[PDB]
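Enquirer: So that we are looking at the same thing, I have put the structure below in structure tokens.
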Amino acid sequence: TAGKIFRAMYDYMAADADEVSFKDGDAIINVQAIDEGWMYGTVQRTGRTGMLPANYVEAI
């Protein structure tokens, strides 16, 4: 009961191993989430899993 689809609209650049890196248009999903502070998804472009900036990605 959670096959929604998300999309990134900002070309972010992972500076550390805490998050990943995706460009505007990449496709990702909300595998999970903590509460208030970035989220967690798996970029389907390269398959890199890591935290994502919630203030940069959004649902569509």
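As shown in the structure tokens, the chain order sets the letters A, B, ...; within each chain, residues go from 1, and ligands are also counted from 1 in the order they appear.
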Write down as a PyMOL selection string the residues belonging to chain A that are assigned strand (DSSP E or B) by DSSP computed on the backbone.

Expert: chain A and resi 6-8+19+27-28+32+39-42+49-52+57-59

Enquirer: At a cut-off of 7 Å, using only C-alpha atoms, what residues contact range 37-46 of chain A? Leave out same-chain residues fewer than 6 positions from it and give the result as a short mmCIF file (atom, residue, chain, number, x, y, z; two decimals) with C-alpha atoms, in the first residue's frame.

Expert:
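The resulting file, part-v4.cif, is shown below:
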data_model
loop_
_atom_site.label_atom_id
_atom_site.label_comp_id
_atom_site.auth_asym_id
_atom_site.auth_seq_id
_atom_site.Cartn_x
_atom_site.Cartn_y
_atom_site.Cartn_z
CA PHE A 22 20.28 12.95 -7.91
CA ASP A 26 15.34 11.56 -11.29
CA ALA A 27 12.75 9.06 -10.01
CA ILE A 28 12.78 8.01 -6.33
CA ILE A 29 10.40 6.57 -3.71
CA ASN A 30 9.77 7.18 0.02
CA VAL A 31 11.11 3.84 1.30
CA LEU A 52 17.56 12.84 0.80
CA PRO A 53 16.83 16.55 1.30
CA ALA A 54 13.08 16.80 2.00
#

Enquirer: Can you measure CA of residue 8 in chain A to CA of residue 25 in chain A for me? One decimal in Å is fine.

Expert: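 Going from CA of residue 8 in chain A over to CA of residue 25 in chain A covers 5.5 Å.
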
Enquirer: Please list as number ranges by chain every residue within 8 Å of residue 59 in chain A, counting only C-alpha atoms and excluding residues in the same chain fewer than 2 positions away.

Expert: A: 5-7, 57

Enquirer: With N, CA, C and O atoms retained, export the selected residues as a tab-separated table (two decimals), in the first residue's frame.

Expert:
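Full text of out09.tsv as output:
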chain	number	residue	atom	x	y	z
A	5	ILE	N	4.98	7.70	-6.30
A	5	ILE	CA	6.22	8.04	-7.05
A	5	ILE	C	6.67	9.46	-6.71
A	5	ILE	O	5.87	10.37	-6.61
A	6	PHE	N	7.95	9.66	-6.53
A	6	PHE	CA	8.46	11.02	-6.19
A	6	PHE	C	9.36	11.54	-7.31
A	6	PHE	O	9.66	10.83	-8.26
A	7	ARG	N	9.79	12.77	-7.22
A	7	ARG	CA	10.68	13.33	-8.28
A	7	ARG	C	11.53	14.46	-7.71
A	7	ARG	O	11.06	15.29	-6.95
A	57	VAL	N	13.19	17.65	-2.65
A	57	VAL	CA	12.33	16.70	-3.42
A	57	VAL	C	10.86	16.87	-3.01
A	57	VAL	O	10.56	17.44	-1.99

Enquirer: In Å, how far is it from CA of residue 1 in chain A to CA of residue 49 in chain A?

Expert: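 Interatomic distance here is 21.2 Å.
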
Enquirer: Find the residues near residue 12 in chain A: any atom within 9 Å, counting only C-alpha atoms, skip ones fewer than 6 places away on the same chain, and give them as a PyMOL selection string.

Expert: chain A and resi 20-24+53+56

Enquirer: Suppose we keep N, CA, C and O atoms; can you now write the selection as a compact mmCIF listing (two decimals), in the first residue's frame?

Expert:
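As written to disk, part-v9.txt reads:
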# COMPACT_ATOMS: atom_id res chain seq x y z
N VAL A 20 22.58 10.81 -0.79
CA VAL A 20 23.01 10.36 -2.15
C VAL A 20 23.08 11.56 -3.10
O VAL A 20 23.19 12.69 -2.68
N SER A 21 23.02 11.32 -4.38
CA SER A 21 23.09 12.44 -5.36
C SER A 21 22.13 12.20 -6.52
O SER A 21 22.18 11.18 -7.19
N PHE A 22 21.25 13.13 -6.78
CA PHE A 22 20.28 12.95 -7.91
C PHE A 22 20.04 14.30 -8.61
O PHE A 22 20.12 15.35 -8.00
N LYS A 23 19.75 14.27 -9.88
CA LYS A 23 19.51 15.54 -10.62
C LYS A 23 18.01 15.84 -10.69
O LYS A 23 17.19 15.09 -10.19
N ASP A 24 17.64 16.93 -11.31
CA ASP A 24 16.20 17.27 -11.41
C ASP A 24 15.51 16.36 -12.43
O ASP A 24 15.84 16.35 -13.60
N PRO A 53 17.30 15.24 0.78
CA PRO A 53 16.83 16.55 1.30
C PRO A 53 15.32 16.70 1.09
O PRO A 53 14.86 16.84 -0.02
N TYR A 56 14.08 19.60 -0.92
CA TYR A 56 14.48 19.68 -2.35
C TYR A 56 13.60 18.76 -3.20
O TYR A 56 13.29 19.05 -4.34

Enquirer: Which is closest to residue 33 in chain A among A:51, A:17, A:9, A:60, if we use only C-alpha atoms?

Expert: A:51
